[PDB]
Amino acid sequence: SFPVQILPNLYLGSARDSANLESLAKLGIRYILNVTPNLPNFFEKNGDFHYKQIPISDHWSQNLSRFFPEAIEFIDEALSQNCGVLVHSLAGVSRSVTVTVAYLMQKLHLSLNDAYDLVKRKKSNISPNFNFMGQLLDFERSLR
């Protein structure tokens, strides 16, 4: 129905949200971060949209932190251009959330928990994944 907004211009959603051209127009979203190895980038042929896809999966949760830097860079481009960006996965209750938490951690200088609290308050359906949590803690460490 609608992706939830986390920070101004930063939206968190599902694969359903990624295919709703009407919903993306309403929210001013022109950037889409597809955090799955296989979901479609519906409006790829549309020069107005900017796509970025990262093959994140629980099958290989150990590679995650490695993708945080390019994800954060993409989200920053959207926000710097003062454009909305949608971060999504399939159900959108784990992979998209993890990447979004990582972004918050870096930009707002927040610990994993504080960053997580911001998302929890906006989204009530988050599924735990300790491998992902461990990856976030490693990232928390790299930030210091």
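We number the residues from 1 along the sequence you see.
Look at the C-alpha B-factors of 90 to 98 and of 25 to 33. On average they run higher in 25 to 33. Per-stretch averaging of Cα B factors for 60 to 68 and 34 to 42 places 60 to 68 on top. Within the selection 9, 125, 14, 135, the deposited Cα B-factor values reach their highest point at 125. The deposited CA B-factor of residue 48 belongs to the highest third of values across its chain. In the deposited entry, the Cα temperature factor of residue 83 places it in the highest third of its chain's modelled residues.
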